[PDB]
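*Asks:* I would like to see how this sequence folds:
(one chain, ligands or ions: 3)
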Amino acid sequence: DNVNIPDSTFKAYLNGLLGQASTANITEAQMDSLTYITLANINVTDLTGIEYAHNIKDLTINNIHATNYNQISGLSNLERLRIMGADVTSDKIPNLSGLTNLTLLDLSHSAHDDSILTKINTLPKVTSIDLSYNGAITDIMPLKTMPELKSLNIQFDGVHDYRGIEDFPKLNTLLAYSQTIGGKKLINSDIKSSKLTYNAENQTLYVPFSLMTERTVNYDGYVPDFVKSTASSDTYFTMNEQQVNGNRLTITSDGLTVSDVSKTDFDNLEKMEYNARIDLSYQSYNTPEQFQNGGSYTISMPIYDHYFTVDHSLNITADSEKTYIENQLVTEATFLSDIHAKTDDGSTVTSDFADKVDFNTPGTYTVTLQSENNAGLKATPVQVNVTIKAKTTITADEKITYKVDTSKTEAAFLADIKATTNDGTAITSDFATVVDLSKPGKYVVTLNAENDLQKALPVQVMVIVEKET
Ligand SMILES: [Mg+2]
Ligand SMILES: [Mg+2]
Ligand code: NA
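*Replies:* Residues are numbered from 1 along each chain as shown. Ligands and ions are numbered 1, 2, ... in the order given. Structure as follows:
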């Protein structure tokens, strides 16, 4: 019954509580006398022995740079827990389902992500949570399953979607003002320039707000607008990492318009960033009814940040090899169908196929596809390997002559007339339904030959059976 507390600074703290020397020993009975533990702004790196304090109702930890927090997983009699630090990532917290008398949970000012929720949504008696100041917390819907949750703080947190909230069984307070959507867990899109609009007569660039796909949606489906201010604090818009001056911006409910944009400027556009405020103010949206009974539901004035990568290329995708046979003929049009040649726009594809592919010399030929949809076509060309295969050709003798009542098998006959194809393709025959060999005369057996790719032109052999003396 004397307790292992490996951290000198941690034990030092605890001895100060018991009025003993900083380096004194501590007793399973001494641990059990403890009503609270408050570690703040001291470098404590391991919490072992805590697993020991079975009687604390208050654990309060701020900025201690602990490696993890595992050892708290079963303090059944703990009522109020608080752990804050810029380094407290979500992994450092164990699952908290043991904490069966916990009413209060504050993990504010930390570096948690969404994986924290599935550790804390199994808490039976938690009335309130503060996940305030966690920028990487982006969706709070998993907390709908907690039975007693009444109050939730997510101030300054990057949540964007409130659809589901009425699922909360007992919630009457959501504090959710000033989210910074895309602040920690970045939002990026890779996009075709076709999705934008360049007008050369006005020299204007238009960017449709329909691209801002992670924008705030209130619980009832309401989608607030971006502010229309072109002040740097309100809108921060970037082209190729260069901030565009307010004087050039015009903002509507549909999108944003830049003036003074040249054709060269537009073509050179590789990146945009849209960082702006959302127009959602005091008393400007619906509140669900749960929160109207003397609670509060503020989801106001969020901030949105959205990175863009712009692609002006038009690219062509098609099957990249094909096989025809030796001397049949194909028209470029039939060629393109076969390989399914397509521009990414739905414009034209040309080719040199008629130039490169030689149908009379079996082999493999490089066709290069090209396409010019644009005012111009920096449409990089994609190559296709067209393959010609040898025509499957039977060769044989054309006459053979046998005595009556000679016995002959089919395979003997094909051997006798040196019947053969150019590729290992099997010859079929009407031989044994055409020749008699009991009755003299002239019999015409036709040879044939087929494979996966072609049928040969049939060949005739004249089998003469002569009544010889
Ligand atoms: Mg801004
Ligand atoms: Mg109102
Ligand atoms: Na708090």
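*Asks:* drop to CA atoms for contacts and neighbour counts, all remaining ones
*Replies:* OK.
*Asks:* can you give me the helices in the protein?
*Replies:* 8-18, 28-31, 263-267, 332-339, 353-356, 410-416, 431-434 (DSSP state H).
*Asks:* Of the ones you listed, give the one that comes closest to ligand 1.
*Replies:* Set against ligand 1 and scored by Cα to the ion, those come closest in helix 263-267, at 23.2 Å.
*Asks:* re earlier: may I see the helices of the chain organised as a markdown table, with mean neighbour count and distance to ligand 1 added?
*Replies:* Listed next are the helices of the chain as a markdown table, based on neighbours: other Cα atoms under 10 Å; distance: least, Cα to the ion, whole Å:
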| stretch | mean neighbour count | distance to ligand 1 |
| --- | --- | --- |
| helix 8-18 | 18 | 43 |
| helix 28-31 | 17 | 51 |
| helix 263-267 | 13 | 23 |
| helix 332-339 | 14 | 48 |
| helix 353-356 | 14 | 54 |
| helix 410-416 | 14 | 86 |
| helix 431-434 | 14 | 88 |
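*Asks:* Spatially, what comes nearest to residue 168 if we skip its sequence neighbours?
*Replies:* Closest residue to residue 168 apart from its sequence neighbours, by Cα to Cα, 6 or more residues apart in numbering: residue 144 at 4.6 Å.
*Asks:* That neighbour and residue 171 touch, don't they?
*Replies:* No. Using Cα atoms under 8 Å, residue 144 is not in contact with residue 171; the gap is 9.1 Å.
*Asks:* first to last residue in stretch 291-310, what's the distance?
*Replies:* For stretch 291-310, the separation between the terminal residues is 43 Å (Cα to Cα, to the nearest Å).
*Asks:* typo on my end, stretch 419-435
*Replies:* 17 Å.
*Asks:* That stretch: how far from the chain's middle?
*Replies:* 57 Å (Cα atoms, centre = their mean, to the nearest Å).
*Asks:* try stretch 22-41
*Replies:* 49 Å.
*Asks:* Stretch 241-254 now?
*Replies:* 30 Å.
*Asks:* Stretch 448-466 too?
*Replies:* Its chain's C-alpha centre lies 57 Å from the corresponding centre of stretch 448-466 when counted by Cα atoms, centre = their mean.
*Asks:* Switch the helices of the chain over to TSV; also include distance to residue 398.
*Replies:* Below are those laid out as TSV (distance: least, Cα to Cα, whole Å):
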stretch	distance to residue 398
helix 8-18	104
helix 28-31	108
helix 263-267	70
helix 332-339	38
helix 353-356	38
helix 410-416	11
helix 431-434	14
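*Asks:* from what I can see residue 214 touches residue 159, true?
*Replies:* No. Taking contacts as Cα under 8 Å, residue 214 lies outside contact range of residue 159: 9.5 Å.
*Asks:* Give me the more crowded residue out of the two.
*Replies:* Between residue 214 and residue 159, counted using other Cα atoms under 10 Å, residue 159 has the larger neighbour count: 28 against 15.
*Asks:* and that one, what is it in contact with?
*Replies:* 137, 138, 139, 140, 179, 180, 181 (Cα atoms under 8 Å, 6 or more residues apart in numbering).
*Asks:* Pretty sure residue 41 sits against residue 64.
*Replies:* Yes. Residue 41 lies in contact with residue 64 (Cα under 8 Å); the separation is 5.7 Å.
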